[PDB]
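A.B. asks: Got a structure for you, questions after.
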Amino acid sequence: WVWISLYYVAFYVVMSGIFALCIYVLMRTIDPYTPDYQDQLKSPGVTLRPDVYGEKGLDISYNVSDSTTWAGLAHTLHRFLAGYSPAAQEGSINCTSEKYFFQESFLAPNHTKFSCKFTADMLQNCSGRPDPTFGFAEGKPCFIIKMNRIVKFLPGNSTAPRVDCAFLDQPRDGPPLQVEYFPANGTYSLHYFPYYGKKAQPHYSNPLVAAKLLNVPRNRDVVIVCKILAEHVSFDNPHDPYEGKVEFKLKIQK
Amino acid sequence: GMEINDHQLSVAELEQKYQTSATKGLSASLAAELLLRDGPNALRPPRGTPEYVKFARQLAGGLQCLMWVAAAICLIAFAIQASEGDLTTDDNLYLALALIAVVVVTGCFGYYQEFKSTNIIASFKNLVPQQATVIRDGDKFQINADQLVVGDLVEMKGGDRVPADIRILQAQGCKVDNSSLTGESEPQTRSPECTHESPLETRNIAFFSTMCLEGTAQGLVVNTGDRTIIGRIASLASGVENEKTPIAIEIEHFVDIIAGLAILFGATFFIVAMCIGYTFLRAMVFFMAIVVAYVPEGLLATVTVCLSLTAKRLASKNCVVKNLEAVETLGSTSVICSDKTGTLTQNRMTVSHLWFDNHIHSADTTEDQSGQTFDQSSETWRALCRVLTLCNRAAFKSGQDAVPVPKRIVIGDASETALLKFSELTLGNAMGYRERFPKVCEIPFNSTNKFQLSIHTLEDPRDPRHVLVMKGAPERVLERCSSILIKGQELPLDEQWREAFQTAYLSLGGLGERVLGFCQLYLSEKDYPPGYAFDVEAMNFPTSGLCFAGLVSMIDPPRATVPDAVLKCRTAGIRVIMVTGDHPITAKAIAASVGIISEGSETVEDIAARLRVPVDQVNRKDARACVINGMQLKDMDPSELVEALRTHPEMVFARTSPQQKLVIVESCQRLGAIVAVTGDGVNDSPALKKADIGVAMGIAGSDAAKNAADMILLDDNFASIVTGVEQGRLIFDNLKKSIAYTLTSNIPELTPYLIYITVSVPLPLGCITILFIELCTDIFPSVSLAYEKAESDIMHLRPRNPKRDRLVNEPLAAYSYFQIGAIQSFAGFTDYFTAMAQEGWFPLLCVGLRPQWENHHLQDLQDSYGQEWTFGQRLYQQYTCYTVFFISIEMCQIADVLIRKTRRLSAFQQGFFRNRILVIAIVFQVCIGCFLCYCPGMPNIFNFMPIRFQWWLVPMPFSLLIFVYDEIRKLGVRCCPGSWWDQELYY
Ligand SMILES: Cc1nc2c3c(ccn2c1C)[C@@H](O)[C@H](O)[C@H](c1ccccc1)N3
Ligand SMILES: *[C@@H]1O[C@H](CO)[C@@H](O)[C@H](O)[C@H]1NC(C)=O
Ligand SMILES: *[C@@H]1O[C@H](CO)[C@@H](O)[C@H](O)[C@H]1NC(C)=O
Ligand SMILES: [Mg+2]
Ligand SMILES: [Rb+]
Ligand SMILES: [Rb+]
Ligand SMILES: [Rb+]
Ligand SMILES: [Rb+]
């Protein structure tokens, strides 16, 4: 009765090896810098910090007089920005080209390329200094708006891409909102594009901007949609709401 | 009813009991009251059959049970996942819903089939109310049979169906046709003397359904309706509950394996779930997904169409079956119990043999006239044919010139109808022929004379002499014969011929045939000139010294195809026994005639007469045959029966009651036989119910025996049975071919889940997508396997052993699930990693990555390429994971469907394109495969999207590996079938 047992083993290990061969084939097949197909990257998505989610999407509601409601919001903003510090971001170089930056060749230890640099500095007030509540204690929160990285994706030589935030309706209800973004005009510089690899540029970080909300009334539920503005961006896809635009609910209480 | 002591009573006693008159009949008033009291003189059909409870049954048993449980589990899982909170659990609902839907729709398809077949059977039915000639208040009139009441006074004659159960009061040469109640193929004398105490055997009772042949009688109605011998015999058959069909029993065992495996996998991976760090709640909802994944969604639909296909092919040969399951039974069948009269025989007296020119001639007793007919060139033939054509009182009913000559309706009786149908066949146009020879004197069946004699003027005017024709019991013709036509001359009836006649009479009587003598005398136109007045009372014509013409003998001949059919079944290894109520001499006759008993076999009584030894000394083991009559069947206990039953292989039961017929089928089933009974009469209704398949004669069948039958031979062609075996044997082989295909795809569906469970990779295959596999793409290929031809000579194999040979055996599944399912899992997983590794995610990354993958908050997650996508963008990749795993199945299914063409043969031999219907189905399979992918809008509706053209090619080597690997299996099992390969690796 034992003889049958071996057979299933023989059979499986044959298939196992046959499969163990295809993995080894498939690993040597694929490039390590440029995406093999990247079929869902016709347009990129936009994340928001602090990322605090409700039942459906992003809802952020705190009380200015109550340090507890908004402490954890900055207590995620500060954590996130630890890599946007010169101490841990020195492993790359400063890029003031103000134009696209194409590296044909790899120049850094272990055959790597040069990355750009971006530190809290760029987000003037929304960097933790002089305000460690990042606008929140004032009732004027700063929200960081970073786009995802796609190898060799280009938004356009034309100008810099720029965020624009506003509400959904409520035209007559009150004033249209005013935000001051940092950097001013809310633009990501062109020299950060394109991405080339986790292995191609290990010490790399996404450029971002911040949105200091000025107009938002106290004690009122509002809704804001920080949508990127560029040519190679589409913020109109109904299947992916976080595609070149991010919405969030925000109520600031007093 | 009160039938026990009806006939034993006096007529003075009866008319007190039923307050009637034996002369004047039942008063009109009372006879009307009685009908209210007792109800109508008909039989209450099996009521209580609503249209909505016919459908409720269609969706129970076997797969029905499993699929309902599987569906219920899906809903409990939805509750547990709606307790802890799980989104797009729409999958749980769609699965549970598609389960219940397959079950329901299968149930409807079965409903029409059972409905449609019954209407087909209903149209081969007569709806003319039988009539009864009744006497009430001293007036005879025609009424409807159902209006008779216990106590009525009735009469009947040639051609009258017997209206009730009638105690005979006075009968004039009345014989009657008990072939439905008893087996009796010889007509039965009815008289008012008490022949027996059992109402069954006494000759003063006309039975409720029976048919008068000839003569006339009157009598009192004693039991009307369900209280008759017909009545209580079908009450019996209601009380018979029929056993579950063979095909159903295979499918129920099959489910004990699905269920058997479900649970072991559930338990082990529920153990793996707990052990790898899951909550009990989630370990258990996985456990549930595992058992549910073993249930095939489409197997129930794929199976019943296969049955519908063969039942359709069978319907086309006037073999209409009532339920779909019965299509298989004949192939499983190993014993056939069979009725004699009506089923085996035609139940219609035919002229079998004739003695003239000092030689016996054998006529063509086939109804299609396909047998061998006899020497009709003889001079004496033309003459003997004249005597039997003129001296015949009976007549065909008008306007039957279209209908075949044996099947015509004829007035009078069968002694005389057989002679009339014979003449129309041999001579042709008998009644018009005998108008050329006018009739001047006649003597019908007489008392003092005991013969039938009539005198006729010749046809042409050149011959003024008259011709006398006489027929009657053979010795009573010979005593009035001084001459004998022999071989072109007219010889004196000397002692040579007197001996020679007696030897032939006793020779044709030994076959138990009703034989009649015939003779003629030519009256001289000198003594008897044109217009000579003949006197019946006084003997002016001669009734002696006549010239003997010949003997003609008639019998109940077998149906044409029957002798052939029985043999073809025995070569299929199917034991044929004959259970009939007729007498043994007749029984053994037909059983020889057709094949039940083969040339050379003898019963213990035969050895005792050839060796001239008392029967006790004879070794029963030396008797290939045996007859057992019913009056001695009861004496043996069942341990005695099996002894004899397995001692003598060519068995015949004779003179057996309906209940005994039931006993025999029960005794055979009790020894593990798939037994089929084949029946016409109401003495088979009970026998036919208990049988695994009850076959009814479409035309000759009584209502009850059709109503208690699984199958019906619309044209009474018994050759249908032999095809029924072949088809039943075919689909059984073709079902396990087609089942083995459809259940391979379960494992490559579950491996994705198990891996998504254990390794926590992002979900490779979705529920919405397995449903398209099971319920859309693989049905047409599956059912096309019902089109395969027999690989071997199926009709020569023994009937499958129900104990060892099984539709789904332990090597059938273990081959399909774990071996080919593995090659399909590796094919699917190889295209899974390729899909993601080419799209940015390296395999090592996918290991454990799932939680972040499914996470609805991470909108920038990095691949192994560093890139960050959103949820929906990840979802769309997982849809490709679904979609590329889906086509990885399909490219193995095309390799798989072809693999199942032959279990033990090769495609280079048989043909890849052997049957059209599989190939047309494979083309269908890919067509929807390409429509599901490259149709616009697909990703939102169902989790399917346009794959890259190279991911189609990734699983194509594994399809070839499937091809090669089984091809070499089934190239090594047949070409070296010693022991090892056939045991573990044959299905
Ligand atoms: C074989 C298989 N089963 C599933 C499956 C899902 C997704 C993919 N699945 C695959 C590939 C879930 O959508 C469901 O929770 C579902 C389920 C069913 C019964 C009990 C508990 C859960 N099971
Ligand atoms: C905000 O917080 C302060 C102190 O916690 C409280 O007094 C005030 O009412 C709060 N506002 C609302 C709208 O709850
Ligand atoms: C940011 O800070 C600078 C000085 O630190 C100040 O001039 C400017 O007004 C601040 N921006 C906003 C929007 O308050
Ligand atoms: Mg019968
Ligand atoms: Rb745009
Ligand atoms: Rb399944
Ligand atoms: Rb013959
Ligand atoms: Rb039956």
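Each residue's number is its place along the chain shown, starting with 1.
We read in the header that X-ray crystallography, 3.4 Å was used to get this structure.
Just so you know, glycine gets a Cβ as well, placed from its N, Cα and C.
Copying in the features that Swiss-Prot gives for the protein in this structure:
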| type | residues | note |
| --- | --- | --- |
| DISULFID | A:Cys95-A:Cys116 | disulfide bond |
| DISULFID | A:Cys126-A:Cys142 | disulfide bond |
| DISULFID | A:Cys165-A:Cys226 | disulfide bond |
| CARBOHYD | A:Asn63 | N-linked glycosylation site |
| CARBOHYD | A:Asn94 | N-linked glycosylation site |
| CARBOHYD | A:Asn110 | N-linked glycosylation site |
| CARBOHYD | A:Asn125 | N-linked glycosylation site |
| CARBOHYD | A:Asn157 | N-linked glycosylation site |
| CARBOHYD | A:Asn185 | N-linked glycosylation site |
| REGION | A:158-254 | region 'immunoglobulin-like' |
| TOPO_DOM | A:22-254 | topological domain 'Extracellular' |
| TRANSMEM | A:1-21 | transmembrane segment |
A.B. asks: When the Cα of A:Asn157 (N-linked glycosylation site) is compared with the Cα of each of the recorded positions A:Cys126, A:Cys142, A:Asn185, which one is closest?
C.D. replies: A:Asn185
A.B. asks: Determine, from DSSP, whether A:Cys165 (disulfide bond) sits in helix, strand or coil.
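C.D. replies: The residue in question, A:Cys165 (disulfide bond), is coil (DSSP, three-state).
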A.B. asks: Which state, by DSSP, holds A:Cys142 (disulfide bond): helix, strand or coil?
C.D. replies: strand
A.B. asks: What subset of the recorded positions A:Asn63, A:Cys95, A:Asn110, A:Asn125, A:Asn185 lies within 10 angstroms of A:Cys142 (disulfide bond) at the C-alpha level?
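C.D. replies: Passing the 10 Å Cα cut: A:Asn125.
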A.B. asks: Pop the Cα-Cα gap between A:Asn110 (N-linked glycosylation site) and A:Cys116 (disulfide bond) into the table, whole Å please.
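C.D. replies: Each residue's Cα considered, A:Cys116 (disulfide bond) and A:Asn110 (N-linked glycosylation site) end up 18 Å apart.
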A.B. asks: Considering only the recorded positions A:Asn94, A:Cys95, A:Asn125, A:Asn185, which fall within 10 Å of A:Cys165 (disulfide bond) when distances are taken between Cα atoms?
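C.D. replies: Those near A:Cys165 (disulfide bond) - Cα within 10 Å - do not exist; the answer is none.
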A.B. asks: Judged by the number of other CB atoms within 10 angstroms, which among A:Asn125, A:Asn157 is the least packed of the glycosylation sites?
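C.D. replies: Fewest other Cβ atoms within 10 Å, among the glycosylation sites A:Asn125, A:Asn157, is found for A:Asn157.
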A.B. asks: Just to be sure I understand the contacts, which recorded positions have a Cβ under 6 angstroms from any atom of ligand 2? Candidates are A:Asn63, A:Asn125, A:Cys142, A:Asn157, A:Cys165, A:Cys226.
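C.D. replies: Within range of ligand 2: A:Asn63.
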A.B. asks: If I restrict to non-local contacts, at least six residues apart, and a C-beta distance under 8 angstroms, what lies near A:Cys126 (disulfide bond) in its own chain?
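C.D. replies: Sequence-distant Cβ neighbours: A:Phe134, A:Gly135, A:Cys142, A:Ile144, A:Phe182, A:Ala210, A:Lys212.
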A.B. asks: How many helix, strand and coil residues does the region 'immunoglobulin-like' (A:158-254) contain under DSSP?
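C.D. replies: In the region 'immunoglobulin-like' (A:158-254), the DSSP-based counts are 6 helix, 33 strand, 58 coil.
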A.B. asks: What's the number of neighbouring CB atoms sitting within 10 A of the CB on A:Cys142 (disulfide bond)?
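C.D. replies: Taking every protein chain into account, the count is 31.
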A.B. asks: I'd like to verify something. Among the recorded positions A:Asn94, A:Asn110, A:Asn125, A:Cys142, A:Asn157, A:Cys165, which ones have a C-beta closer than 6 angstroms to some atom of ligand 3?
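C.D. replies: Only A:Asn125 meet the Cβ criterion.
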A.B. asks: Can you name the recorded positions among A:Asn63, A:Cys95, A:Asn110, A:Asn185 whose CA is within 10 A of the CA of A:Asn125 (N-linked glycosylation site)?
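C.D. replies: Hits: none.
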A.B. asks: Between the Cα atoms of A:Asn94 (N-linked glycosylation site) and A:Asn110 (N-linked glycosylation site), what distance do you get, rounded to the nearest Å?
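C.D. replies: Checking the Cα atoms of A:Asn94 (N-linked glycosylation site) and A:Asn110 (N-linked glycosylation site) gives a distance of 21 Å.
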A.B. asks: What is the nearest of the recorded positions A:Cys95, A:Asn110, A:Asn185, A:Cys226 to A:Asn63 (N-linked glycosylation site), using the Cα of each?
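C.D. replies: Smallest Cα separation from A:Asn63 (N-linked glycosylation site) among A:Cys95, A:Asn110, A:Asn185, A:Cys226: A:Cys226.
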